[PDB]
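Some notes on the structure that comes next.
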Amino acid sequence: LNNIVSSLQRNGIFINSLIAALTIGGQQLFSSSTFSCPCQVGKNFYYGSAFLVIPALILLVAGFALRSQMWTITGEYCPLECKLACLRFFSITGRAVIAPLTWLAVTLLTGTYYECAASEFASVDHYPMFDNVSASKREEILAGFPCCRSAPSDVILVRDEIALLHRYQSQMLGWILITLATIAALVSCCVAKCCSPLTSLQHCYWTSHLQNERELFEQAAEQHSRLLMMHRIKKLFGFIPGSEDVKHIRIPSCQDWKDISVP
Amino acid sequence: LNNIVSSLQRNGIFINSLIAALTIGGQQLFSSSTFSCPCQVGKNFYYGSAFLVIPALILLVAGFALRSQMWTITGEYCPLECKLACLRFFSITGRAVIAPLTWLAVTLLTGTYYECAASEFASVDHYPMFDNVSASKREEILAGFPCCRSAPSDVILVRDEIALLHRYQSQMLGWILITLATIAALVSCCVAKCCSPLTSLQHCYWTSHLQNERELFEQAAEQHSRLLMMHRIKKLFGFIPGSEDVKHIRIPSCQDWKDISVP
Amino acid sequence: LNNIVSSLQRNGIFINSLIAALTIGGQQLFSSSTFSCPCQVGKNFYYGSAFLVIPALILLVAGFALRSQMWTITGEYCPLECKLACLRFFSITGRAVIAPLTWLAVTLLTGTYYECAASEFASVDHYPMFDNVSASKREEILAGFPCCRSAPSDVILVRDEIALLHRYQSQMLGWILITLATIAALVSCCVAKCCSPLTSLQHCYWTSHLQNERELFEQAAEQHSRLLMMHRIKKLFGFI
Amino acid sequence: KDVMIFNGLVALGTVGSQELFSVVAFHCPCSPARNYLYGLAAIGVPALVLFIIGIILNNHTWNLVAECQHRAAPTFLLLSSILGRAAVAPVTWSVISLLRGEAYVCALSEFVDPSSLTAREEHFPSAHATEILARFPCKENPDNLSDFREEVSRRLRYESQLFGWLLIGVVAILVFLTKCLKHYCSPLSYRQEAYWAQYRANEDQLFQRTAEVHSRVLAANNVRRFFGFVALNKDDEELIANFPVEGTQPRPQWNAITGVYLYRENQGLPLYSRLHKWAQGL
Amino acid sequence: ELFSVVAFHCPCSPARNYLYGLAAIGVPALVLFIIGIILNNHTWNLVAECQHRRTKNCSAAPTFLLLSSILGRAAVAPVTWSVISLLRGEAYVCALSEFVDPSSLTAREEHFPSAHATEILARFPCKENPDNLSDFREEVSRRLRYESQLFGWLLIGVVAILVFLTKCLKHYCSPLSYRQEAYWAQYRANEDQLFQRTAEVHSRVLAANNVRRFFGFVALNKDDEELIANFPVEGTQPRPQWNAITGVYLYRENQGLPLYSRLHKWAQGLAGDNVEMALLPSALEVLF
Amino acid sequence: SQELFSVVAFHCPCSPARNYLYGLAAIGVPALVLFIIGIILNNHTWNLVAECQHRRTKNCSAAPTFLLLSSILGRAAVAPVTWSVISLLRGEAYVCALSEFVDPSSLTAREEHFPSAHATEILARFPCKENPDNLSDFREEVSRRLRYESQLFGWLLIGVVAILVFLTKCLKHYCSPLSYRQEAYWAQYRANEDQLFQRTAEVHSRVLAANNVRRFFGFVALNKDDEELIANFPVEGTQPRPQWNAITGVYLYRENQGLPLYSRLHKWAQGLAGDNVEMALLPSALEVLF
Amino acid sequence: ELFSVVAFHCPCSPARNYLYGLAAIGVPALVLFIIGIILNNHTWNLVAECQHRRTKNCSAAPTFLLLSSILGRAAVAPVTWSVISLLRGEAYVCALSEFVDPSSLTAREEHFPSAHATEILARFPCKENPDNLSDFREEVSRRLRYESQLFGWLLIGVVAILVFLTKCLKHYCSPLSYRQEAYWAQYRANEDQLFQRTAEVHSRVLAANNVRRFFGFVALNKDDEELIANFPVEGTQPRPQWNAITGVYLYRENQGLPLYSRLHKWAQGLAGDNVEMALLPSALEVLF
Ligand SMILES: CCCCCCCCCCCC(=O)OC[C@H](COP(=O)(O)OCC[N+](C)(C)C)OC(=O)CCCCCCCCCCC
Ligand SMILES: CCCCCCCCCCCC(=O)OC[C@H](COP(=O)(O)OCC[N+](C)(C)C)OC(=O)CCCCCCCCCCC
Ligand SMILES: CCCCCCCCCCCC(=O)OC[C@H](COP(=O)(O)OCC[N+](C)(C)C)OC(=O)CCCCCCCCCCC
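Residue numbers (the entry's author numbering), protein chains in the order written: chain A, 5 to 82, 94 to 278; chain B, 5 to 82, 94 to 278; chain K, 5 to 82, 94 to 255; chain C, 19 to 89, 96 to 306; chain D, 37 to 308, 314 to 329; chain E, 35 to 308, 314 to 329; chain F, 37 to 308, 314 to 329.
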């Protein structure tokens, strides 16, 4: 069963599904805990805009920076080589961006961020009751009603309508984004199937070679380091580490301790 | 028991059933959670049309995309080889298209999406109460009643009738779609049994051979990568990785690290 | 399963993730335990400033004190050898300062710590009711309402906008600080990949030799002493 | 036997789906010329889909198509076999729907004769006669008409279940007649026919198992030819070690083992399949 | 489950309910009668006997006992269904409700309306009766349900006597003792179990050779390899050889030693130019 | 079986001259069925018929036959009696059957409030509670008088049976010429013979059936234990019909040379039980030639 | 639910509930008395002793002791039932309810009616009593339940003395010693256990020999094959050999050494022309 789990982990689909589920759970928890939807007459679009965009950027940067392949590509950058580097960087791009896109889609489907962000940009020319010739009380009431100011004074029905409109609009935006995202993915794959010098068989072989070579290199490096130090300690204390030392003991002097202090 | 499960996964019927069940459950949860049937008088058909059609296309594109053999088929397309490629694409088409039709059928049979979609397209000539010489309040009430505005003012009966009518139509579409798909499926499979050059038994063996050579080629490529990498270590450090390397220690110089930097 | 856990422990991503989780869990208990938003008219910013900075920097001292690599760095520091110390400091630094930024972000996004800290710095110019030309009662009530004083005197509208304005400014600061920390982590990560004489693979080899070298010497040092006592007892009473 | 295991699951599953379908998705569009079509589409359409589906999953139909593309008694067996395994699903759905009675009263409520009711004088308007009757199944009619509604809602329910039992009686007779015709018109005795059916099941079980094994061995050999080595487990490494590679069968030979069987015997000794005909022929 | 769907529902309509009772009872009795015929192998070798003779050679006496045994072994299922449906009483009170005479009704004064006698009587099973008539609703129900159960016990009694008279007549008129027929019965059960079980093994071994001739090897499990090793097949049994063991058999005795089956009749050698349904024409015609 | 027990539940038809016909049928039919089952499953009635089969001439007199039916009917009547007793002790079958014959004038526990116009009709409806509340006391007075008689006959029937069993087993031992210890050894022999004979009949049929199946396919698929039976217990032929006919039938302790014989199979094995060809497959060998 | 069937149900009617109480208690005691005699083996050899003699040769002196043992041992079950039925008190309050004298009633003023004293009293056990007489009912119930339990306890007292007096006289009057009769009892319980065991083995081996003569072999279990190998039978014991071990035996001694049973007496040879119940007539009559 553990081997089956590891095989599923090898496949990316389960990993992206788990990442999306974690992002959904985090969005629901954050919305339940700390939204509070303030009415700040002056600065309220910025609150929702930050809560919508910034978490997406943190997810993007965390996803891209956490992969050492992007570091290796940047180090190589800092022909065939350019194409393989571009393909290698693009390979993990989908897993990098799957989290912020899920975040954005869930937030737009919920619509509360869009409601507390785009309320001050609502239209009042259609409503004669929202004339407010003073040109001042209109914006304060516009910013203050969506938050907690019910004020059942023959206004709530009107405000209810606007909320619905935004909600409807919110949904559309989310839907549109998803569609575009999908299209982008397809065209990206098209590039991966048009600009790739590798044939239908060379890509998987190359990726397996890179992964296998990194794994065997790290294991061999660890083994060689351990072996070099068994020899260093054998010279040092007169006996091999991990062996029986009933034969000889060095009994080192004080000056010897500084010798192994070079590294 | 696990072998029996692995046998069942080989069967396509159990997989198609699991996919259908997951789609039905997801549709139920999505409809119960994030539908809300908006009452936008101006644009209410757009919401229902999107919720009815767009997820089907997203599931369809996913069903095509996550299948690895699609990219190979497109690359070959980008005689008998053409027939084989077309037959492989037809074979994957069944799993690609099983899910969106299940989504469409379930949504149409439930009826709520269709009720909230084509409400404003209803006819009022049957009911003399919806006179509305002004030609404005009629669309308002028509798009308002279906979602949440019961308004028990001796109009609900008419609203009820309208709902039933729409529901009935919705049901028909679903069944018609089912029927249509079924007939298509039939003739589609018939084509696969007429245009294909291989016999009934030759096709199953040929598909099994394809899967076996693909898996064995991938494993052999990974193993060859491992043999090459290990050869590079025995050349560089002078020992075989993962073996008793107590014999000799190379201690390579600074320049030797740049040698393994080529790939 | 235990081997899998040990392999995960070998990875610092789980250590940072767990440390942040316990800091958040400890913070939520502690914020509701003995915080109370103390109502000091005179000097209440000190309580807020203390709770905002001191608990975070204490874990910095804990992180430095709990790691012995810095001890070798300071001993040698009190060329290639100096350059390697900087990389060793850089790696320890990332795990050293991860906890306070988690604490700083959580408290400041909570909002209650900064409302009870910079309440006295709020401006009453927007509010015509808080004229108070005597300049004495204005600061008394300003430090009074946010702590526990509801004060149903048709002035509560003042405290929500003060709270909401404080809450909004609090969120922007942490998200900017988180972004600034991420950029700082990126550029320092870039400096460590450029000024380091080691390659992308040689650095892993050198670190692997270091970690393998401490354990092998330490276990051999343990064997060397035990073996010497065994003769000492043989010379002492005559048995082995 | 194994047939009852497959038929029992299909028969039970259709009833479960029908019960689920009726409680979650079934609403009579109570209005003339609408519920009749809805009720008819609630029986025939689900049955037709199962009938087409049952054909597609059957392996023997595609074998029949291939033989006809390359082109009595052999056709009698398959049609008695494919329908016996594919027409089960529509029939069970059809009978449960009729026995339940929801769909039929949903359909024929429009055509109820207002003057055919009893227990009171006929009370129906000249213009809204069908409109009132069509609304009976929805149970939305006023309680003043519940005296008349119960008679109609139970008369058509009687007609639904009566048709459900007569369909079972017709089907049961046909299955008996098919069994008699299959045995009586067959050229071989039923003891040999039972042996013939056992051989076909055994051949396909071994043929499928060998073909999968042969493909893996053939694929493994190609890996050795292409790479010079194979990474196989103990069982796979044994399989090639015990199974030498026969090679590629000629195109006619695969065509020789496909098609329909007429039970042609070669000088006394019977041959029960095309593969047995090919193996004994050469 | 199924019982919810097949639950009895009495249509309270005169001259209409007993038709439903006939369909709700007579159809399951017919289906269980058909299933008993199909499952009984003794009805197929009877057909096989008629298949080969094609001239009605056999007399009525061998057929009459053979046909009787098929029906008797299959009529049990309808009877145990007809009895239960009669002891329940639902299927009979519904059928005979409208035939109850209001003149003979008692347990209440004569308040029975005469405007619609049959219509009201037929509505008793559904409890759609006026409360002024409720005393008769339980009076009519108990009278009919009594006759339903009275017929059920008489059906059990008559069946329990026909079974006794059949078994008594079977032993008395048989030419064999009841112990030899007991041994004969223990032989046929043992032969059928062994014959079918080797027919499965013989097919598998024969199928393996055909698979081996095609792929060059066969993928057998641990136990299947034993079947191939232990039981090697040399050929196939001719159709006339199969036809010599199919049909009906009535205790033919050879040289004072009993024979217990057609296979036993064939094994002793007492059962075994023109070629039919041949794959290929005459060998001379093959040349031409 | 909750559903199947309600099928045989006793539902009294509260109607006059009608509730005893149901009571007779609901009790007399299960008693008759249990009587028939006892006869069918008893092997001692089939060798009695088999005795009448081959003798065909009324050879057995009244003395042996009447001592065989008494054994058959005595062993069979156990089941109807133990059902006719439980029904009487329950009391439901008797109060239903006799509720219409209770004398209205003999009623008590109240003044003479019992109607006389329709007296049989009201009385018959007592078991179903369908009685006016002014006669509730009369209903329970009858419900106890009739239930008493039902259980009074239920205990007398047990007492009478327990005496007939005592008298039968006492006269059986007194009149039998054998000692009770030899009849106990004889009963142990008949149990061991009738068990081994069936056990060998199954084996001798399976081994014979295995030979015929082997003659057809060339091999027989046999289990681990079945393969031992073929080697351990080989068969060579079938026992003739007259040999089977010499072990089936009644038997009453015939003794030979001062040594008892305990069964027809035992009597046959000693050789004391052993031209015209009947029901042959084919005509005479002389007719086969033509 | 056998217990619920035999549950006591008092018919509250004068001159009628003691007939039921007599039957509901006296019949179960009678049945247990008959079962006790039937199961005892000391009565069948008593019948056997009266069977072979045919002339009442044995005197009343030994016959009386054997009958006393049979009746005394069999009467345990009726007594332990007639005691329980008395300690419960239900069976006696029902029987004696009508015979309570109203004049002797107390715990209430003399309001007890004299119209139908027996009829009202007889309904007391069934709780169907007016609430104005419930004081008398609970007074009568405690009076008649006491007499039941008083009679029940005195019956145990009498039995516990008869058992003591029987055993003391059984030891004082017997010529043997109690340590020898204990050895004798341990022998009779071992002869019977072995004799019944060897009878089953001897019958099975004899039954196997006859079956082998029929089929040519016997299908024996793993353990039954040991019986045939270890214990071969050669014939059947003659009828006079079986008659010599059945009957009543009372401790005869031979040459100073005791004999404990007539099988032991027969084994020593101290027990053992006209042919009876022969299969076939004299060998001279067979020839003709
Ligand atoms: C789940 C079941 C529970 C038990 C309920 C029934 C128990 C029956 C057990 C014995 C069955 C059996 O084998 O019956 C045997 C006989 C067959 O007679 P034959 O043709 O001479 O066969 C010869 C003997 N054989 C069978 C050995 C070859 O049956 C009968 O004579 C008829 C069966 C009674 C049902 C039909 C009666 C007529 C219809 C009604 C008319 C009013
Ligand atoms: C399910 C059972 C639960 C327990 C209740 C029954 C007790 C069973 C054990 C004891 C019975 C027994 O063993 O019966 C066996 C004897 C048979 O004696 P026979 O006629 O000489 O037969 C030959 C002797 N054999 C059988 C030993 C070889 O029966 C009887 O003598 C009487 C049977 C009682 C029923 C008939 C009573 C009269 C009818 C009613 C009149 C009003
Ligand atoms: C479930 C059971 C509960 C367990 C306890 C029961 C008691 C067991 C021990 C006592 C029985 C016993 O020992 O009986 C033995 C003697 C029999 O006398 P004998 O001829 O000398 O027999 C010699 C002893 N033998 C049999 C071992 C050879 O009995 C009696 O004389 C008294 C029996 C008591 C009941 C009958 C008393 C008279 C009837 C009532 C008058 C109102």
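Just so it is clear, CB atoms sit at the ideal spot from N, CA and C, and this is done for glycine as well.
Next on the checklist: Please list, in chain order, the chain C residues whose beta carbon lies closer than 7 Å to that of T214/B.
Outcome noted: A84, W278, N279, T282
Checklist entry - Cβ of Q73/A less than 8 Å from any chain B Cβ? => result no
Item to check | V254/E - containing alpha helix (DSSP H), residue span | outcome: For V254/E, no alpha helix (DSSP H) encloses it, and the DSSP letter there is neither H nor E.
Checklist entry - Can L75/E be considered in contact with ligand 2, in the sense that its beta carbon sits closer than 7 Å to one or more heavy atoms? => result no
Checklist entry - Taking the C-alpha atoms as reference points, what is the distance between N257/E and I264/E? => result The straight-line gap from Cα to Cα measures roughly 11 Å.
Next on the checklist: Within 10 Å of its beta-carbon, does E262/F have 16 or more other beta-carbons around it, so buried, or fewer, so exposed?
Outcome noted: exposed
Item to check | Local Cβ density within 10 Å of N81/E, reported as buried at 16 or more and exposed below that | outcome: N81/E counts as buried, since at least 16 other C-beta atoms from the protein chains shown sit within 10 angstroms of its C-beta.
Next on the checklist: Counting only beta-carbon separations shorter than 8 Å, does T108/B have a partner in chain A?
Outcome noted: no
Checklist entry - By Cβ distance below 7 Å, which residues in the same chain neighbour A120/B in space, the five residues on each side in sequence not counted? => result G189, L192, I193
Checklist entry - At which residue ranges does the region 210-247 of chain F contain complete alpha helix (DSSP H) runs of 4 or more residues, listed in the order of the chain? => result none
Item to check | C-beta atoms of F160/D and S177/D nearer than 8 Å | outcome: yes
Checklist entry - Going along the region 172-192 of chain D in order, which residues come within less than 9 Å of chain E, judged by CB to CB distance? => result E174, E175, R178, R179, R181, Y182, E183, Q185, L186, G188, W189, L190, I192
Checklist entry - Of all the residues that make up the region 183-197 of chain A, which are near chain B by a beta-carbon distance shorter than 8 Å? => result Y183, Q186, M187, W190, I193, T194, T197
Item to check | Interface flag, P256/A vs chain K, CB-CB below 8 Å | outcome: So, interface residue.
Next on the checklist: Which residues end up in the neighbourhood of ligand 1 when you take C-beta atoms closer than 6 Å to any of its heavy atoms?
Outcome noted: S104/D, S105/D, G108/D, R109/D, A111/D, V112/D, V115/D, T116/D, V194/D, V195/D, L198/D, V199/D, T202/D, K206/D
Next on the checklist: For chain F, check one thing: does any of its Cβ atoms lie closer than 8 Å to the Cβ of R89/E?
Outcome noted: Not one chain F Cβ lies under 8 Å of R89/E.
Next on the checklist: Under 8 Å, with one C-beta from each stretch per pair, do the region 212-226 of chain D and the region 271-287 of chain E reach the 3-pair mark?
Outcome noted: yes
Next on the checklist: Between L191/E and ligand 2, is there a pair consisting of the residue's CB and a ligand heavy atom that are separated by less than 7 Å?
Outcome noted: yes
Item to check | Cross-chain neighbours of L179/A in chain B, by beta carbon under 7 Å | outcome: Using a Cβ-Cβ cut-off of 7 Å, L179/A is close to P42, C43, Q44 of chain B, given in chain order.
Checklist entry - Under a CB-based cut-off of 8 Å, is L124/B close to chain C? => result So, interface residue.
Next on the checklist: Taking its Cβ as the centre, do 16 or more other Cβ atoms sit within 10 Å of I61/E, making it buried, or is it exposed?
Outcome noted: buried
Checklist entry - Under 8 Å between C-beta atoms, does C219/A make it to chain B? => result Chain B, which has a Cβ nearer than 8 Å to the Cβ of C219/A, makes this yes.
Next on the checklist: By DSSP's criteria, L293/E is part of a beta bridge. Which residues make up the other side?
Outcome noted: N290/E
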